[PDB]
């Protein structure tokens, strides 16, 4: 056995796992499929103009305790993501402003929207974060889509449309392909849509100067860059009572334990001898990744903030996106970032690169004025077609799975253990979760030695 533990996957999670295992004294190796240490945290510090740019995850939540601790211990510094000003909703094509995310109460759709929002949170409490599958209403919830739930519950077409962008954007899927139990679970495990949907707090409250991929790179540096083997895609995993043997084509390694720290979908692209037990097998084969676009437009000044707008925006139909200010104090170019997912992604991916850009810029203009009409820099990053991430921002599940194999997300199969954000108890789908899943996997393994 070449080493104690081999961590497959060099994301925040795999990396956090290796730091932990390493600090505890175990011999460790991190085997990574492509040629970069970031996870779905992808950073180019000198790449683009204006400042460092993140193509993946970048927001640190106010309660993302493990991420903050780890980042800090690595010497990284945080800066507030929030911006002062009114938030913006583009509903039915009309521009609405909301002082402290407080829409005019007289707007016809507002009260039922609030009401439905409270409904969602209540449903999120009926099923929990720890054992959604064991919840009393698990069977009924996991048997229908979020789409059918919106149709049966809500009156206002506009409320329905708000919920849909929200789901299309937090997951990279549309309510028409997501299990209701699964979403109730998600809202529950990320502390409610209120935090899930924050604009200046909750999940979206801070950034790392320098880029999110740093926590990873820094770990590698701290742990011994030589320990991270890039371009080493694991394709077969032979595991017995003694340990595990990884194969990358002809090459191979041997360890006492392994932690596969990637999405279920991603892990499902690896052969396991012996075959994985059937619940984990189903879980991996049936838990897809979202369909997502991360657009970025930089300008010489924060004209949106300068005009009293926070840059935070929600649009139900022009494009189908959540906008957010992404300007660091340090940057030399103001930047607005937008996220398009699910069916909204489907929509645009069908258009041409330029059509997309035009449409996006048009929107920015409708919301913030003609200055948006012409950016200093524009970038789009299609996650649904990234080779190793294979999609959206997070994992999602169709009706029929979470309630039948959910536990497979966490339970180890012999000597192989599972990390990756999807295995976190809470904040699964976020870097925080990634960090937590990694550390818990590490501890489990530590204890086995």
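Numbering follows the first chain given and starts at 1.
Per the PDB record, of the two stretches 355-363 and 116-124, 355-363 carries the greater mean B-factor over its C-alpha atoms.
For the pair 142-150 and 319-327, the mean B factor over Cα atoms is greater in 319-327. If you compare the C-alpha temperature factors of 397, 394, 26, 419 in the entry, 26 comes out highest. Residue-level inspection of the entry shows that, of 277, 341, 369, 288, 369 has the top Cα B-factor. When the modelled residues of the chain are ordered by C-alpha B-factor, residue 383 sits in the lowest third. Split the chain's modelled residues into thirds by C-alpha temperature factor. Residue 411 is in the lowest one. When the CA B factors of the chain's modelled residues are split into thirds, the value for residue 216 lands in the middle one.
Per-chain ranking of the deposited C-alpha B factor places residue 38 in the highest third.
In the PDB entry, a CA B factor belonging to the lowest third of its chain's modelled residues is recorded for residue 435.
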